[PDB]
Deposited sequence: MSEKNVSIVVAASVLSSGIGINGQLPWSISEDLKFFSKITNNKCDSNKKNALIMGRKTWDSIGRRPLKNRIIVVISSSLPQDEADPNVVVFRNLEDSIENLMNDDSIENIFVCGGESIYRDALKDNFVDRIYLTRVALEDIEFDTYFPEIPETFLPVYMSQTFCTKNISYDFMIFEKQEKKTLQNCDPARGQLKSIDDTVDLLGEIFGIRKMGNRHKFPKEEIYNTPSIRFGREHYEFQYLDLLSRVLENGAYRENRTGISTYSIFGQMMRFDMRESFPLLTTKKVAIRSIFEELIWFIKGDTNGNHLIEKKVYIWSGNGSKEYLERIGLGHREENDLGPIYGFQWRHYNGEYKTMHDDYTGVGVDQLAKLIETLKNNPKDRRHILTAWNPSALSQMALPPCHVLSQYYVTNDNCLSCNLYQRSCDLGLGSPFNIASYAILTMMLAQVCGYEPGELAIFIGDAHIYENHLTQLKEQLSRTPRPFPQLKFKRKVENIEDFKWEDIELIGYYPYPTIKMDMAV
């Protein structure tokens, strides 16, 4: 009995491996992973064995590897007794005998082609699968990886990495103490909601995304998918200013990486264009809702209709004049807001401009804050600022991190937008100031789920995540308000089908 694992790097969707006798990508870090994973020996005078087909043996140059015995599955190659680091077997079934004897071989790894992968799974010899998912699908394959059978379960999913603008993950598939559990549960019976642990229950398998991945939830999309589960388990049914009631908890956070990936949800086709047009709308200082409607973006029409505006006591306002919201408080703080058609160039504290000047001249400064809560002009807003405070931080490696506090997040409609919106905003500040994107942390107050999103959000938790895409700018801009949608390149985004959710006006 010895561990027999599979090492493979396939595409994210079609699961393709190699084209015309060679690989369709050149990722250096992946090959280094193959080296480290196949040289993992626990004893000293022992070496691992790698199994591959002839066409794979040909593709690697017919040369042995460092302290690894190469096993070739060929019906034509002669068993050369000269080379001890390369052995040839006539078939895969006969080749699996270095487990009942040959103690020298510690572990066994299967890394051949489709012909060897398919026969290794159908014969039930595989105990573990090391999968490297590459985000490449607009190309052509000729050799694919067989679909993983239901007997294997995902146990680990790494963070999204990047190499030459190509995103890739690392997953593990396994074939599927007691003294504290019998005490915390007893204290949970004595104290009900007196014990704070009962107020934050661990979600059950029915709302936990990919529950087989227990200890290896490293993909930072789980920071969002586990928040949905945490709301369904502990969310309190509550009313609000709209007719749609919510399930809300208080005090949650999400952490994201922006160096090797771009935090854009893959479990739902997020409209990335609508997020950008809203962000550049904020950066320009514009509070005219029609400008977004004139760009085929209808996300501020509900909160800017004639019925809604007169309902909240703003009948004196034009159709889509939202008012001093983010975008007016960013560029003009404490400015006498008249209408949307007015000229505020020069009035108000330009927080965004001073923020850039502070990030360049004083990086070690701790007060790189951008606020949006102005109590003096709240009754004039069509809607109070949801994402309020935002703090930025420069590391010693010229990286730019971002922290956001959100008073209430509409998980399903507002959180996926706010994740990408401030991720793009951080990258824009990083380019203009000359830094690199770092980490993104979002601190949430009233994390709620509207009751008409339960059917859709329950579907999102059923979809296993995919690696994050890459976001690259097409040109360096002079100022900051010069970005255009054409200057944005989204690389390797293959999400799940979009699910429609209605906005609670």
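Comparing the deposited sequence with the modelled residues, the stretches lacking C-alpha coordinates are 1-2, 179-192.
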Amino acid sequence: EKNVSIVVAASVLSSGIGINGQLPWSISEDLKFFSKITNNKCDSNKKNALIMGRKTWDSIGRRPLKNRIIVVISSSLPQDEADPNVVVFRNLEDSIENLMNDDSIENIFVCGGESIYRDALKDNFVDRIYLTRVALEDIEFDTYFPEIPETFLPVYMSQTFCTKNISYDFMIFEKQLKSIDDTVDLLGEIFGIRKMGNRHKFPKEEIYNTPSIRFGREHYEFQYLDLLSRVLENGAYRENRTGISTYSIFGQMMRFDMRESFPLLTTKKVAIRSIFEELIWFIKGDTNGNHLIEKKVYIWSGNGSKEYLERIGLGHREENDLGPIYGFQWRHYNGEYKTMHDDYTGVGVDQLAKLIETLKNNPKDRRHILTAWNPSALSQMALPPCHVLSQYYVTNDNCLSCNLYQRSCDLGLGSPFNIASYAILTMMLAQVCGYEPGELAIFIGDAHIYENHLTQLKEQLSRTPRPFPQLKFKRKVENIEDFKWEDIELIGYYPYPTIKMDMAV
From here on, numbers count along this sequence of modelled residues.
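Just so we're on the same page, rigid core means the largest C-alpha set that superposes within 1.5 Å between forms.
Stretch comparison, 100-108 versus 213-221: after rigid core superposition, larger RMS CA deviation in 8 other deposited structures of this protein is found for 100-108. Across the superposed structures in 8 other deposited structures of this protein, aligned by the core, the stretch whose Cα atoms lie more distant on average is 91-99, chosen from 91-99 and 136-144. Annotation for 178-186 versus 234-242: the higher mean temperature factor (C-alpha) is found in 178-186. Annotation for 157-165 versus 91-99: the higher mean temperature factor (C-alpha) is found in 91-99. The PDB entry assigns the greatest CA B-factor among 200, 338, 268, 387 to 387.
When the C-alpha B-factors of 301, 261, 418, 391 are ranked from the entry, the top spot goes to 301. When the modelled residues of the chain are ordered by their C-alpha B factor, residue 37 lands in the lowest third. Ranked by Cα temperature factor within the chain, residue 414 sits in the lowest third according to the deposited record. Per the PDB record, residue ranking by Cα B-factor puts residue 53 in the lowest third of the chain. Per the PDB record, residue ranking by Cα B-factor puts residue 46 in the highest third of the chain. When the modelled residues of the chain are ordered by their C-alpha B factor, residue 30 lands in the middle third.
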